[PDB]
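K.L.:
I have a structure I would like to understand better, so I am pasting it below and will then ask my questions one at a time.
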Amino acid sequence: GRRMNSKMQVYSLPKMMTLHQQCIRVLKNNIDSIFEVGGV
Amino acid sequence: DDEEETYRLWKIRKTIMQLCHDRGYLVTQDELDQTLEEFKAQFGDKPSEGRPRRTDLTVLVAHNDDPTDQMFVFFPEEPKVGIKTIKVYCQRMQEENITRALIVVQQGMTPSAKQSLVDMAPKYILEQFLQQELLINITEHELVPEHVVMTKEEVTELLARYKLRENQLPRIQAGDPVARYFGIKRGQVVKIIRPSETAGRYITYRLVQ
Amino acid sequence: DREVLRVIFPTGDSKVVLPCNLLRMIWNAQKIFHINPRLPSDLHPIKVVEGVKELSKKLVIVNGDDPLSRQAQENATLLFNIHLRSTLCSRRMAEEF
Amino acid sequence: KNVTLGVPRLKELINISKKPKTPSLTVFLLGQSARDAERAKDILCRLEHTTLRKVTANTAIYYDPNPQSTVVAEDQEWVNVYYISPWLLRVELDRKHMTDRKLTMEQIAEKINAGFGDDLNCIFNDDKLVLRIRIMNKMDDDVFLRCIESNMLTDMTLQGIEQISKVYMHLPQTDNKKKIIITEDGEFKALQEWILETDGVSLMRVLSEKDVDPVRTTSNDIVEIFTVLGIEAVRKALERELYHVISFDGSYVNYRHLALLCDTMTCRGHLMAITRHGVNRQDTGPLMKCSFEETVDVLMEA
Amino acid sequence: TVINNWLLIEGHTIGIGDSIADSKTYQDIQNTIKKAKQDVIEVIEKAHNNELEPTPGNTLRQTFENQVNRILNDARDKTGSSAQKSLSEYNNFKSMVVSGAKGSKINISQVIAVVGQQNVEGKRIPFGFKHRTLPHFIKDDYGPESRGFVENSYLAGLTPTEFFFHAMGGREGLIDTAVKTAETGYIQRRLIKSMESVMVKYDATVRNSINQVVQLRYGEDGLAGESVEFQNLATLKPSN
Amino acid sequence: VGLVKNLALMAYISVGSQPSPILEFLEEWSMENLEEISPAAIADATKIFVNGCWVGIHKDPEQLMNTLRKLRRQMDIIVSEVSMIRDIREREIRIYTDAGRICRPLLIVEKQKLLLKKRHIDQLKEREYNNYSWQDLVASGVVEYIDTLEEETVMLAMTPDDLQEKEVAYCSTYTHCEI
Amino acid sequence: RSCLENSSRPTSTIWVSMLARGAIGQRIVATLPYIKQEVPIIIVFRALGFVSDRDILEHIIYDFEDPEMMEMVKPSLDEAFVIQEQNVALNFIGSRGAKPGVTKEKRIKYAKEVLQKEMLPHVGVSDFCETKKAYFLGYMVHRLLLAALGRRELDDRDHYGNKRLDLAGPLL
Amino acid sequence: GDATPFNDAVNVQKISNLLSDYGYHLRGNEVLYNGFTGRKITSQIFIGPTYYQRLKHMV
Amino acid sequence: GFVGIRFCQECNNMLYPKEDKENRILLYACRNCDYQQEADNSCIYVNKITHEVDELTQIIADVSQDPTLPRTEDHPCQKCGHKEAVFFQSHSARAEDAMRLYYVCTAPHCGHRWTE
DNA sequence: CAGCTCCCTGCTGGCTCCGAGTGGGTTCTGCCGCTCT
RNA sequence: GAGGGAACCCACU
DNA sequence: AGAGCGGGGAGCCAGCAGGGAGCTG
Ligand SMILES: [Zn+2]
Ligand SMILES: [Zn+2]
């Protein structure tokens, strides 16, 4: 008796993300989780 | 365009000749299946110049059962038709002692013209017909069944058989398109033959009111 | 009759609504009289023809002998007489029924 | 198609309505235009009404005191090829609307000239359309030119019939609107032919056109059929429409009940609606009419 | 009487085991629904890239809605058909449907597989809010669940948005009944009063109260409607 | 049918409030009155309506709406039944304090997390012996009364399971959640 | 449906309507309470104490780079051009009230009290409130223009944001 | 039993397994006997406690 | 395109077009007072029929903050290159013919709006 | 030939209809003050 | 062995 | 002197005001 239930925002990450781009975009999705960057 | 009005005039003529053949007037088979190229041969092609002239398109037919009884079919050249031109046609009716006539207007007539046709209808029978109404034969439509104008003897034996008065029949208006097509007045009875899905055939009788 | 039918029904719909169910009546006659369908029958085709003619005279809707009455009676039972002739054929009553 | 059906169409049928909710035509095509899609489209664009608004992209009032020296100068060349009022209608059209209607530019010019008597003047060329209208030969000319601009936009017929708003071409996959013919073998064979279903009715004008079947072309408008084809034709049409309404569900009502209703509705030569305005105008007794409706008015008129 | 006493022997029931389908059927129905929702998203992204073709006679939103509704109705019919073919011969829903006693096949579809699309005035669930059907949705959401497609059966139970859209769908039917009774009654009354005195007379003609001829024979054949039957003309269809 | 209706269980109809303290707060929170502005400033400023009365314009509607919601969520100047709608597309802020508005309490979701946490449930578990009640939840900024016009500008989560990140993320900006 | 808050008095409804096409263009008129004919809206703005046209159109059209709003207020301006003074506008309104006046002074008093206490009571029922009432009337005309241009969408009658519930309190 | 409308913790399969844990058929059916003859009814009858209410509309 | 209104400077009112045949030019002549003004543009009345291709001036950038508007990451901004955007449709009656997405950059102070 | 007459059309106002059949209930008539002793 | 009307509301099929 | 009398929708039809034609002095 399981109920099927899901939604989808229709449309129309296909992007060559290198090391610095991946690092900055991971930080751009988890900004608030930084305690102390060290010496950056 | 000259070609559009040439096609119009040919179709109007063909419908008029079908109408006259249906009313019982003597119409030869050559004129009944007369085609557009035969209209371009018999008449002109450029009505703006006037090679087919509407006055040249006037039809004279005679009744099958009485060759001294004839019908005119006039085609006025003006869009709106008043007293002057129908009095010209009435003088023509008098001077060639014709009884019935059809006037095929192309836009209409004045109200006083319609009143005047009703006025001399006891003496001379004139019938208004628009060009747009005559651009097809309505009796060939699939909805329109077979209309047959009954002779007064047939009406007499009809009301004798069914023991009916005239007012106990179904009615049809005098301004009905098929009643106008067959040119029938009050007191005439139309036999209407139509196919039936339960009986096969059914004959209704309709008095012209 | 077939030309009349094709005039009446230009769409080719053979379904009509008619009083007597002739096919079921024929099946009733087969079951009542124990008709063996694999034997020769003692029914002369002229009996079929004349019986259908007399029956069609006997099914009167419009009464009288006036030609107006005759035409109305012919029109009132046109489909049923067509269907009765198409069903009680001498051919169909011999090889089919 | 938004064809009215069910109870509202039944009410539209038995109350003879001068304006049905969705009046429609079923145009059948006579000849190879029934088979070819492209001359079927030619008949479609010959039937559907096309105002000048249906093709215009923009219109503008300009000031050109000298037409030799055009202000706009995007159209200077052919205007000076041509060589009045200093006021100007410059109308630019949408080319897709200009092309799918198969209109040509001189047709628009001659329709302007015929509609307004050619007292004004229209000059055109393009190869980004331009049509330039000036008025030839007490009050400012702006209000007159704006009024004739509004008349050309919302009152003008380029092609088609005015009461018909739009036309639905389709090919029937069902025999209910097909062309059932009898072949040389005596078989019944369906012919899949292009049919048109308009959103307005002008039955006389449509029936009169070329390559339109003047036999099977019909309407769902009962008053239009009565005015065009007669009383027995509208009896047959009323029977067909009532049968459609009843048998859309697959439900069956015997033919004699529909036949009795239509024979009652068309017995007296005209369309007698199933209302007080049809039944209480009959030749029946005053007590029956006062039983139905408008009791006191019927009794006073008696 | 005979069948009621044999049913005393045999017995007939309906249970919660009749709403149950096989697990393979549930996987097939969920696969059909997932495929249909993927097709709906494909149509939405085609219309959003201006790749959808506007059919003649319809505006672009009308043909978009028609394509979506055709996909969802095909989904409901296919899921229902799989569910009602998976039924065993011992099923009670199947017994009462194929006996014709009670229940459509759509009832089996809605009980077992998919309740289906909910409609208000024939269209899908309107944007009652500012371009949303409910405040649980993003704006401009034209998908199945946003505009009233219920992907659950009555056995699975509806989600709250599906429950509210189904309440809108049923309220539409209750309204349609309670406002069509008066119009139908007025139509019936006017039909009666226009022909209450029309009758077959003793000369077999059909006349009204004032003896005008309506039909010369009743139904043009003079026959009563009770004793006529559906028959076939054997000489119309065949070739020469 | 469809004319006589019933309230839902947690639906509460607003009883009415004085527009005044909202009006002094708006006066001392950078709203420029209509009687002291040129019309040329209207074209890019957000109009402010209080009980349908256009009272002024404001040029920072983020901070004004956030300040007003913060005041309502802590039972300050804005009482709990005051409805505060922001129509972003048409640059309007409508404040309704009149009676007859029907509203319901919804949980507040901020940054995809409920503001209702386990300490509230623990305190409500002993309602008889903490004197903790529903009104303290209203005072804690946890639940919020949302009416019909304000429900056009909120993004509801049906369950807190909607707030969880999905493989096909439908929305990540839920504003409230259903109880 | 205007009604001044925290005061039980019956609601006074003002309509601001825009005529159908089938003159030059689209005319905005105002069905005021207790004025039994359709006053043009520019005449109402004149009667509120606004002789000019940047005054009226700044009250109505808030952005002057927008041309379509101007092209739709143009017929309403040009139909009400012959009235240019405040008291002339007051006479033009009061001549078609429920109680006409043989004296011009009585008609001026009638139109003043109608536009003072009956036309939009919620924004102001007191003197010197012509600017707030005129901004709200301009907002009504602005919303009419936005909906007629299609830029804004028509309101829904069944939306309970548009509906209040008279309970035992307001009814009693 | 809890029958709050939207509750994932309660579904037909869970209730069926719970009913099978008490020596009943999982889908609620039982082997009923005819009261008049004593013979087993061939179908198995869905029987269980259901909340009925008596309405004011007495004959 | 569209040409704006012209306003009188003396009596603060509307101007009206008129054609002076003395210079055979176009002047904006007020008819409450005697103020006249020559016209920079000859266009007096102008209408748009199928020229509704620009829905972007009706869009204000503020709609980037709407929590109910859908956000996407697959359509980056051209001006500032932000990943987040909000997408919606044009909701006018004159945009029932189209379901074109209009996008607004979610990031503050950018405000760039585009289509496709 | 200008002004008058005389019938088609467009408009607004008026008018009349709105399913069948059942239970049960409350609340109202009637609304109060007088002129005579 | 038979002494109120009307208005309204709710409900039933 | 208290007792009693008085005082909403939908759709069709009909009349009147506008045309456009014809008519006469
Ligand atoms: Zn000036
Ligand atoms: Zn950006």
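Identifiers in the structure tokens: chain A, B, ... in order shown; residue index from 1 per chain; ligand index from 1 in order shown.
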Around ligand 2, at most 12 Å away and counting only C-alpha atoms (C1' of nucleotides) and all ligand atoms, which residues are there? Put them as an MDAnalysis selection string, please.
P.N.:
chainID I and resid 61 64 73 75:86 103:114
K.L.:
Produce a file of the selected residues containing N, CA, C and O atoms, as a short mmCIF file (atom, residue, chain, number, x, y, z; two decimals), in the first residue's frame.
P.N.:
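File produced: out07.cif:
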data_model
loop_
_atom_site.label_atom_id
_atom_site.label_comp_id
_atom_site.auth_asym_id
_atom_site.auth_seq_id
_atom_site.Cartn_x
_atom_site.Cartn_y
_atom_site.Cartn_z
N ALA I 61 13.29 43.08 -12.36
CA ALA I 61 14.30 42.14 -11.88
C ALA I 61 14.01 41.61 -10.49
O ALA I 61 14.54 40.55 -10.12
N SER I 64 13.56 37.93 -8.93
CA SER I 64 14.58 36.97 -8.52
C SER I 64 14.45 36.54 -7.06
O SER I 64 15.01 35.49 -6.69
N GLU I 73 19.79 25.96 -12.47
CA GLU I 73 21.22 26.15 -12.52
C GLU I 73 21.81 25.90 -13.89
O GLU I 73 23.03 26.01 -14.05
N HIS I 75 21.11 27.59 -16.72
CA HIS I 75 21.04 28.77 -17.57
C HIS I 75 21.79 29.91 -16.89
O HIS I 75 21.19 30.71 -16.16
N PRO I 76 23.10 30.00 -17.10
CA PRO I 76 23.89 31.02 -16.41
C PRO I 76 23.72 32.39 -17.02
O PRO I 76 23.41 32.54 -18.21
N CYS I 77 23.93 33.40 -16.19
CA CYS I 77 23.79 34.78 -16.61
C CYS I 77 24.88 35.16 -17.62
O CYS I 77 25.99 34.63 -17.60
N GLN I 78 24.53 36.08 -18.52
CA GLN I 78 25.52 36.59 -19.46
C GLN I 78 26.28 37.77 -18.88
O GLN I 78 27.48 37.94 -19.16
N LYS I 79 25.62 38.58 -18.07
CA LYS I 79 26.26 39.77 -17.51
C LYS I 79 27.26 39.40 -16.43
O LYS I 79 28.45 39.72 -16.53
N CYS I 80 26.80 38.71 -15.38
CA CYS I 80 27.65 38.40 -14.24
C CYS I 80 28.04 36.93 -14.15
O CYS I 80 28.90 36.59 -13.33
N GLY I 81 27.43 36.05 -14.94
CA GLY I 81 27.83 34.66 -14.93
C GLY I 81 27.41 33.86 -13.72
O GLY I 81 28.04 32.85 -13.42
N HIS I 82 26.37 34.29 -13.01
CA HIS I 82 25.89 33.53 -11.86
C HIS I 82 25.22 32.24 -12.33
O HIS I 82 24.60 32.19 -13.39
N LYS I 83 25.36 31.19 -11.52
CA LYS I 83 24.75 29.91 -11.87
C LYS I 83 23.24 29.94 -11.67
O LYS I 83 22.48 29.47 -12.53
N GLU I 84 22.78 30.49 -10.55
CA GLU I 84 21.36 30.49 -10.23
C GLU I 84 20.59 31.47 -11.10
O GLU I 84 21.02 32.61 -11.29
N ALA I 85 19.45 31.03 -11.62
CA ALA I 85 18.50 31.91 -12.28
C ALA I 85 17.10 31.46 -11.90
O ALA I 85 16.90 30.35 -11.43
N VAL I 86 16.12 32.35 -12.07
CA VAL I 86 14.71 32.01 -11.92
C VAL I 86 14.08 32.04 -13.30
O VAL I 86 14.39 32.92 -14.12
N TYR I 103 14.02 34.43 -18.01
CA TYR I 103 14.93 34.14 -16.93
C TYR I 103 15.42 35.44 -16.32
O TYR I 103 15.68 36.41 -17.05
N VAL I 104 15.56 35.46 -15.00
CA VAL I 104 16.08 36.60 -14.26
C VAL I 104 17.17 36.09 -13.34
O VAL I 104 17.02 35.05 -12.69
N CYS I 105 18.30 36.80 -13.31
CA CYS I 105 19.45 36.36 -12.52
C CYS I 105 19.15 36.47 -11.03
O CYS I 105 18.71 37.52 -10.55
N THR I 106 19.43 35.39 -10.31
CA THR I 106 19.05 35.31 -8.90
C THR I 106 19.95 36.18 -8.03
O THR I 106 19.50 36.71 -7.00
N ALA I 107 21.20 36.38 -8.46
CA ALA I 107 22.18 37.11 -7.65
C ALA I 107 21.74 38.56 -7.46
O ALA I 107 21.08 39.12 -8.34
N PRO I 108 22.06 39.17 -6.32
CA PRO I 108 21.71 40.58 -6.12
C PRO I 108 22.46 41.48 -7.08
O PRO I 108 23.46 41.08 -7.67
N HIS I 109 21.86 42.65 -7.34
CA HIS I 109 22.41 43.80 -8.08
C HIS I 109 22.71 43.51 -9.54
O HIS I 109 23.14 44.40 -10.27
N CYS I 110 22.48 42.28 -10.01
CA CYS I 110 22.70 41.99 -11.42
C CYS I 110 21.49 42.38 -12.25
O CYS I 110 21.56 43.29 -13.08
N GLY I 111 20.36 41.71 -12.02
CA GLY I 111 19.12 42.10 -12.65
C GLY I 111 19.00 41.76 -14.12
O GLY I 111 18.07 42.23 -14.77
N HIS I 112 19.91 40.95 -14.66
CA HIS I 112 19.87 40.65 -16.08
C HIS I 112 18.76 39.64 -16.37
O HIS I 112 18.65 38.62 -15.69
N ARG I 113 17.96 39.94 -17.38
CA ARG I 113 16.84 39.12 -17.80
C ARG I 113 17.04 38.71 -19.25
O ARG I 113 17.53 39.49 -20.06
N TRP I 114 16.67 37.47 -19.58
CA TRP I 114 16.86 37.01 -20.95
C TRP I 114 15.82 35.95 -21.28
O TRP I 114 14.93 35.65 -20.48
#
K.L.:
Write as a ChimeraX atom specification the residues around ligand 1, taking 12 Å as the cut-off and counting only C-alpha atoms (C1' of nucleotides) and all ligand atoms.
P.N.:
/G:51-54,84 /I:6-16,28-37
K.L.:
As an exercise, work out the distance from CA of residue 32 in chain E to CA of residue 95 in chain E in Å and give it to one decimal place.
P.N.:
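Answer for the CA of residue 32 in chain E to CA of residue 95 in chain E separation: 25.6 Å.
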K.L.:
Up to 8 Å from chain J, what residues of chain E turn up? Count only C-alpha atoms (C1' of nucleotides) and give them as a list in words.
P.N.:
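That gives the following set of residues: residues 181, 182, 183, 184, 185 and 186 of chain E.
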K.L.:
Go ahead and save the residues from that selection, with N, CA, C and O atoms, as a PDB file, in the first residue's frame.
P.N.:
ATOM      1  N   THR E 181     -30.398  19.267 -13.090  1.00  0.00           N
ATOM      2  CA  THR E 181     -31.753  18.755 -12.864  1.00  0.00           C
ATOM      3  C   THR E 181     -32.825  19.780 -13.227  1.00  0.00           C
ATOM      4  O   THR E 181     -33.839  19.427 -13.836  1.00  0.00           O
ATOM      5  N   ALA E 182     -32.609  21.055 -12.891  1.00  0.00           N
ATOM      6  CA  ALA E 182     -33.628  22.069 -13.152  1.00  0.00           C
ATOM      7  C   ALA E 182     -33.775  22.354 -14.641  1.00  0.00           C
ATOM      8  O   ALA E 182     -34.898  22.485 -15.146  1.00  0.00           O
ATOM      9  N   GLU E 183     -32.653  22.448 -15.358  1.00  0.00           N
ATOM     10  CA  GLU E 183     -32.709  22.684 -16.797  1.00  0.00           C
ATOM     11  C   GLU E 183     -33.352  21.511 -17.520  1.00  0.00           C
ATOM     12  O   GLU E 183     -34.187  21.705 -18.414  1.00  0.00           O
ATOM     13  N   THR E 184     -32.998  20.283 -17.125  1.00  0.00           N
ATOM     14  CA  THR E 184     -33.600  19.107 -17.740  1.00  0.00           C
ATOM     15  C   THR E 184     -35.091  19.021 -17.435  1.00  0.00           C
ATOM     16  O   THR E 184     -35.883  18.658 -18.311  1.00  0.00           O
ATOM     17  N   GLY E 185     -35.494  19.364 -16.210  1.00  0.00           N
ATOM     18  CA  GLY E 185     -36.907  19.340 -15.871  1.00  0.00           C
ATOM     19  C   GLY E 185     -37.714  20.365 -16.640  1.00  0.00           C
ATOM     20  O   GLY E 185     -38.834  20.084 -17.077  1.00  0.00           O
ATOM     21  N   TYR E 186     -37.154  21.562 -16.830  1.00  0.00           N
ATOM     22  CA  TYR E 186     -37.841  22.572 -17.629  1.00  0.00           C
ATOM     23  C   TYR E 186     -37.947  22.144 -19.089  1.00  0.00           C
ATOM     24  O   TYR E 186     -38.988  22.353 -19.726  1.00  0.00           O
TER      25      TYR E 186
END
K.L.:
With only C-alpha atoms (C1' of nucleotides) as the counted atoms, please give the residues lying no more than 12 Å from range 1-12 of chain K, apart from itself and same-chain residues fewer than 5 positions off, as a tab-separated table (two decimals) with N, CA, C and O atoms (P, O5', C5', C4', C3', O3' and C1' of nucleotides), in the first residue's frame.
P.N.:
chain	number	residue	atom	x	y	z
F	4	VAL	N	-22.89	26.54	1.02
F	4	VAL	CA	-22.75	26.38	2.45
F	4	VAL	C	-21.51	25.52	2.69
F	4	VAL	O	-21.38	24.43	2.13
H	55	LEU	N	-29.08	6.32	11.24
H	55	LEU	CA	-29.49	7.66	10.89
H	55	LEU	C	-30.88	7.95	11.43
H	55	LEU	O	-31.65	7.05	11.76
H	56	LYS	N	-31.20	9.25	11.50
H	56	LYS	CA	-32.48	9.71	12.02
H	56	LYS	C	-33.66	9.31	11.14
H	56	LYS	O	-34.80	9.43	11.59
H	57	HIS	N	-33.41	8.83	9.92
H	57	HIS	CA	-34.47	8.58	8.95
H	57	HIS	C	-35.03	7.18	9.17
H	57	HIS	O	-34.71	6.22	8.47
H	58	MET	N	-35.90	7.08	10.16
H	58	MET	CA	-36.58	5.85	10.49
H	58	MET	C	-37.87	5.74	9.70
H	58	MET	O	-38.48	6.75	9.34
J	21	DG	P	-44.66	18.25	-7.61
J	21	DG	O5'	-44.35	17.28	-6.39
J	21	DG	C5'	-44.83	15.95	-6.41
J	21	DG	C4'	-44.05	15.07	-5.46
J	21	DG	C3'	-44.12	15.45	-4.01
J	21	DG	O3'	-45.35	15.04	-3.47
J	21	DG	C1'	-41.92	14.79	-4.57
J	22	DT	P	-45.77	15.52	-2.00
J	22	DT	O5'	-45.04	14.47	-1.05
J	22	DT	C5'	-44.68	14.85	0.24
J	22	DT	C4'	-43.53	14.03	0.75
J	22	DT	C3'	-43.11	14.38	2.16
J	22	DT	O3'	-43.85	13.62	3.06
J	22	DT	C1'	-41.21	14.38	0.76
J	23	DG	P	-45.09	14.28	3.83
J	23	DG	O5'	-44.64	14.25	5.34
J	23	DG	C5'	-43.64	15.13	5.77
J	23	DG	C4'	-42.52	14.39	6.48
J	23	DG	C3'	-41.98	15.14	7.69
J	23	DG	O3'	-42.52	14.60	8.86
J	23	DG	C1'	-40.26	14.86	6.10
J	24	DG	P	-43.54	15.48	9.72
J	24	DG	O5'	-42.58	16.40	10.60
J	24	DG	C5'	-41.60	15.80	11.41
J	24	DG	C4'	-40.39	16.70	11.54
J	24	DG	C3'	-40.66	18.05	12.14
J	24	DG	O3'	-40.76	17.96	13.54
J	24	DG	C1'	-39.13	18.22	10.33
J	25	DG	P	-41.65	19.01	14.35
J	25	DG	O5'	-40.75	20.33	14.39
J	25	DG	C5'	-39.45	20.29	14.96
J	25	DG	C4'	-38.67	21.53	14.58
J	25	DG	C3'	-39.32	22.82	15.01
J	25	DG	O3'	-38.90	23.15	16.30
J	25	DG	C1'	-38.49	22.97	12.76
J	26	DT	P	-39.87	23.97	17.28
J	26	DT	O5'	-39.51	25.49	16.97
J	26	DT	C5'	-38.15	25.89	16.88
J	26	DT	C4'	-38.05	27.21	16.15
J	26	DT	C3'	-38.93	28.31	16.75
J	26	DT	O3'	-38.14	29.42	17.11
J	26	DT	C1'	-39.21	28.16	14.39
J	27	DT	P	-38.74	30.53	18.08
J	27	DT	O5'	-39.32	31.63	17.08
J	27	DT	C5'	-38.55	32.02	15.95
J	27	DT	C4'	-39.40	32.85	15.02
J	27	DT	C3'	-40.49	33.65	15.73
J	27	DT	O3'	-40.30	35.04	15.58
J	27	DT	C1'	-41.30	32.57	13.77
J	28	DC	P	-41.27	36.07	16.35
J	28	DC	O5'	-42.47	36.35	15.32
J	28	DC	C5'	-42.42	37.49	14.49
J	28	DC	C4'	-43.50	37.45	13.41
J	28	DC	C3'	-44.92	37.65	13.88
J	28	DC	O3'	-45.23	39.04	14.28
J	28	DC	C1'	-44.84	35.99	12.20
J	29	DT	P	-45.32	40.30	13.26
J	29	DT	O5'	-46.65	40.09	12.39
J	29	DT	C5'	-47.93	39.96	13.02
J	29	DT	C4'	-48.93	39.39	12.03
J	29	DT	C3'	-50.39	39.76	12.29
J	29	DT	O3'	-51.05	39.96	11.06
J	29	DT	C1'	-50.16	37.42	12.36
K.L.:
Which of these, E:232, E:171, E:217, E:193, has the shortest distance to residue 24 in chain C once you count only C-alpha atoms?
P.N.:
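Closest to residue 24 in chain C of all the choices is E:232.
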K.L.:
Distance cut-off 10 Å, counting only C-alpha atoms - which residues of chain B neighbour chain D? Return them as number ranges by chain.
P.N.:
B: 7-8, 11, 132-147, 167-180, 192, 194, 196-198, 204, 206-209
K.L.:
As a ChimeraX atom specification, list the residues of chain I assigned to strand (DSSP E or B) by DSSP on the backbone atoms of this structure.
P.N.:
/I:7,14,17-20,25-28,38,46-48,71-72,85-89,101-105,113-115
K.L.:
Which residues are near range 38-40 of chain H? Cut-off 10 Å, only C-alpha atoms (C1' of nucleotides), ignore same chain within fewer than 3 positions. Put them as a ChimeraX atom specification.
P.N.:
/E:8-11 /H:31-35,43-44
K.L.:
What is the distance between CA of residue 39 in chain B and CA of residue 13 in chain B, in Å to one decimal?
P.N.:
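Interatomic distance, CA of residue 39 in chain B to CA of residue 13 in chain B: 9.4 Å.
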K.L.:
Might you pull out every residue within 12 Å of residue 4 in chain L, with only C-alpha atoms (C1' of nucleotides) counted and same-chain residues fewer than 6 positions away left off, and present them as an NGL selection string?
P.N.:
:J and (34-36)
K.L.:
Would you write out those residues with N, CA, C and O atoms (P, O5', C5', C4', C3', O3' and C1' of nucleotides), as a CSV table (one decimal), in the first residue's frame?
P.N.:
chain,number,residue,atom,x,y,z
J,34,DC,P,-50.6,57.6,24.7
J,34,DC,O5',-51.6,58.4,23.7
J,34,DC,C5',-53.0,58.5,23.9
J,34,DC,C4',-53.7,58.4,22.6
J,34,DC,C3',-55.2,58.9,22.7
J,34,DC,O3',-55.5,59.6,21.5
J,34,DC,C1',-55.1,56.5,22.3
J,35,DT,P,-56.0,61.1,21.6
J,35,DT,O5',-57.5,61.1,21.2
J,35,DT,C5',-58.5,61.7,22.1
J,35,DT,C4',-59.7,60.8,22.2
J,35,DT,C3',-60.8,61.3,23.1
J,35,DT,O3',-62.1,61.1,22.5
J,35,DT,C1',-60.2,59.2,23.8
J,36,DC,P,-63.4,61.9,23.0
J,36,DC,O5',-64.3,60.8,23.7
J,36,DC,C5',-64.8,61.0,25.0
J,36,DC,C4',-65.1,59.7,25.7
J,36,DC,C3',-65.6,59.9,27.1
J,36,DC,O3',-67.0,60.0,27.2
J,36,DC,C1',-64.0,58.1,26.9
K.L.:
Kindly assemble as a tab-separated table a list of the chain C residues that lie within 10 Å of chain B, each paired with its nearest atom pair and their distance in Å to one decimal, using only C-alpha atoms, sorted first by chain and then by ascending residue number.
P.N.:
residue	atom	partner	partner_atom	distance
C:4	CA	B:200	CA	8.5
C:5	CA	B:200	CA	8.0
C:7	CA	B:195	CA	8.2
C:8	CA	B:195	CA	5.7
C:9	CA	B:197	CA	8.0
C:15	CA	B:197	CA	9.9
C:16	CA	B:197	CA	7.2
C:17	CA	B:198	CA	6.4
C:18	CA	B:198	CA	7.0
C:19	CA	B:198	CA	9.7
C:64	CA	B:161	CA	9.3
C:66	CA	B:161	CA	8.1
C:68	CA	B:158	CA	7.5
C:69	CA	B:161	CA	8.0
C:71	CA	B:203	CA	9.2
C:72	CA	B:203	CA	7.5
C:74	CA	B:201	CA	8.5
C:75	CA	B:201	CA	4.9
C:76	CA	B:199	CA	5.0
C:77	CA	B:199	CA	5.6
C:78	CA	B:200	CA	5.1
C:79	CA	B:200	CA	5.0
C:80	CA	B:199	CA	7.5
C:81	CA	B:200	CA	9.7
C:82	CA	B:200	CA	9.1
K.L.:
Select from chain F every residue with an atom at most 6 Å from any atom of chain G, then for each give the shortest pair of atoms and their distance in Å to one decimal, using only C-alpha atoms, rows by chain and rising number, as JSON lines.
P.N.:
{"residue": "F:39", "atom": "CA", "partner": "G:58", "partner_atom": "CA", "distance": 5.8}
{"residue": "F:43", "atom": "CA", "partner": "G:62", "partner_atom": "CA", "distance": 5.0}
{"residue": "F:53", "atom": "CA", "partner": "G:123", "partner_atom": "CA", "distance": 5.6}
{"residue": "F:100", "atom": "CA", "partner": "G:165", "partner_atom": "CA", "distance": 4.1}
{"residue": "F:101", "atom": "CA", "partner": "G:164", "partner_atom": "CA", "distance": 5.2}
{"residue": "F:148", "atom": "CA", "partner": "G:161", "partner_atom": "CA", "distance": 4.9}
{"residue": "F:149", "atom": "CA", "partner": "G:161", "partner_atom": "CA", "distance": 4.7}
